[PDB]
Amino acid sequence: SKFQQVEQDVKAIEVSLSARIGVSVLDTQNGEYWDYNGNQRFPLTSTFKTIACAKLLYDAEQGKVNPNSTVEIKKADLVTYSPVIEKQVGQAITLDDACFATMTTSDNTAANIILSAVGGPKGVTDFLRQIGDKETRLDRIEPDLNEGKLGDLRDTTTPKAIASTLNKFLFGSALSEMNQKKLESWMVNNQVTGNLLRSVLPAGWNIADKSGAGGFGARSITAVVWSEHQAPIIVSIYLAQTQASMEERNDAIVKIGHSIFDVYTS
Numbered sequence: 024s025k026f027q028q029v030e031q032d033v034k035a036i037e038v039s040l041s042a043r044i045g046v047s048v049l050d051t052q053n054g055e056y057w059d060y061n062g063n064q065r066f067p068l069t070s071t072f073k074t075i076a077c078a079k080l081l082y083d084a085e086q087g088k089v090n091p092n093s094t095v096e097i098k099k100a101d102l103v104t105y106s107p108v109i110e111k112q113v114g115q116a117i118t119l120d121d122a123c124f125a126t127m128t129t130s131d132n133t134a135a136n137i138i139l140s141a142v143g144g145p146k147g148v149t150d151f152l153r154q155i156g157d158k159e160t161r162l163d164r165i166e167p168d169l170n171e172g173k174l175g176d177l178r179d180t181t182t183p184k185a186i187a188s189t190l191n192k193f194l195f196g197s198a199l200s201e202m203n204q205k206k207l208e209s210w211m212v213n214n215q216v217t218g219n220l221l222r223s224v225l226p227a228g229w230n231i232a233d234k235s236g237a238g240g241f242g243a244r245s246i247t248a249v250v251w252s254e255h256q257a258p259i260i261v262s263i264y265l266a267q268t269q270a271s272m273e274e275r276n277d278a279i280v281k282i283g284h285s286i287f288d289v290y291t292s
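Taken in order, the sequence shown gives residues 24 to 57, 59 to 238, 240 to 252, 254 to 292; the numbers are from the entry's author numbering.
Here it is, written out as structure tokens:
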């Protein structure tokens with residue numbers, strides 16, 4: 024009953040937005056976990073970016089690639105919504121800076137640059153299987169991976185799978201302490217999620233997050250929140267196949283986030 028209010032809020036949104044919605048909350052401080061449709065499939069959309077950049081750091085540690093190596097930006101590589109890369113045509117960008125761009129602004133060309141350096145969708149999926157994520161899969165690059173059609177298994181995850189994977193990336197030991205901090209900082213420095221969980225974050229708390237939006242109303246956020255008195259809590263919220271406006275989907279995330287935070291501030 025601890026998450027009773029959260030469950031009620033999710034059920035109300037499910038009805039009002041006639042949507043498929045799933046949530047997973049993992050509390051690393053006491054091993055507690057809760059979910060609603062946590063095993064259901066939803067489109068990753070931009071939430072996959074965190075995994076691709078985690079792989080860049082992991083591959084760098086193994087010596088498979090140099091994160092400081094540069095990649096030439098050609099006008100033909102540009103895809104929809106690439107604020108950082110669109111200003112660097114004809115120039116070279118380091119893989120590390122491409123990850124900074126895609127993690128903090130969600131720049132899509134930057135994400136494709138990272139994917140090309142870490143083995144594409146296939147390399148990313150293989151990496152996920154190695155860390156123990158049996159569900160999440162990446163199959164296409166930007167912009168096609170955002171299609172979000174019902175029943176399509178391509179580019180999907182479950183709320184529980186991605187929350188677990190983020191827990192492992194940031195707090196397990198697959199990545200070095202230095203790289204965990206680097207990945208976490210990229211998420212903390214996200215500039216495009218001010219209207220989601222950040223807008224209801226409790227005073228004194230911290231947050232590292234990455235959100236996404238896509240076809241058929243897909244909307245999501247994967248976040249890690251903590252404070254001086256609360257160890258990391260991983261929150262995964264996904265909506266799919268809804269006609270709801272972006273404002274209504276943001277409203278759903280803010281209401282659910284608020285209730286989740288109340289579980290831990292009350």
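In this text, a Cβ means the ideal position worked out from N, Cα and C, and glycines have one as well.
It is roughly 15 Å from the alpha-carbon of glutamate 37 to the alpha-carbon of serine 47. Per DSSP, reduced to three states, the secondary structure at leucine 169 is helical.
Under DSSP, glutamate 55 forms a beta bridge with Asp50. Annotation for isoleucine 97: no alpha helix (DSSP H) segment contains it, and DSSP assigns it neither H nor E. DSSP places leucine 194 inside the alpha helix (DSSP H), whose first and last residues are 183 to 195. Comparing C-alpha distances from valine 280 to each of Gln269, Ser262 and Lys173 shows the shortest one belongs to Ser262. Counted as a single uninterrupted DSSP element, the beta strand (DSSP E) harbouring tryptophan 251 occupies residues 244 to 252. Annotation for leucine 139: the continuous alpha helix (DSSP H) segment containing it runs 132 to 141. Excluding its 5 nearest sequence neighbours in each direction, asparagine 214 has C-beta neighbours in its own chain below 7 Å: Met127, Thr128, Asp233 and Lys234, listed in chain order.
Spatial neighbours of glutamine 64 in its own chain (CB-CB distance under 7 Å, excluding positions within 5 residues in sequence) are listed in chain order as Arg43, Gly45 and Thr182. Going by beta carbons, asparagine 136 and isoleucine 165 fall inside the 8 Å limit.
According to the DSSP secondary-structure assignment, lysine 234 is paired through a beta bridge with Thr247. By the Cβ neighbour-count rule, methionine 272 is exposed, with fewer than 16 other Cβ atoms within 10 Å of its own.
The residues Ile97, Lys98, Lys99 and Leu102, in chain order, have a CB closer than 8 Å to that of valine 113 in the same chain once the five nearest residues on each side in sequence are set aside. Ranking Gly87, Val108, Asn219 and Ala78 by CA distance to the CA of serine 209 puts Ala78 first.
Within the same chain, and ignoring the five residues on either side of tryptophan 251 in sequence, the residues whose Cβ sits closer than 6 Å to its Cβ are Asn230 and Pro258. In the DSSP annotation of this structure, the continuous segment of the alpha helix (DSSP H) that includes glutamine 204 starts and ends at 201 to 212. With the rule of 3 Cβ pairs closer than 8 Å, the stretch 185 to 197 does not count as touching the stretch 218 to 230. Around the beta carbon of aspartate 150, fewer than 16 other beta carbons sit within 10 angstroms, so the residue counts as exposed. Assignment of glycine 144 by DSSP, reduced to helix, strand and coil, places it in the helix class. Note: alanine 35 is not bridge-paired with any residue in the DSSP secondary-structure output.
In the DSSP assignment, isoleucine 282 falls within the alpha helix (DSSP H) that extends over 272 to 291. DSSP, reduced to helix, strand and coil, places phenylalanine 26 outside both helices and strands of the structure shown, so it counts as coil.
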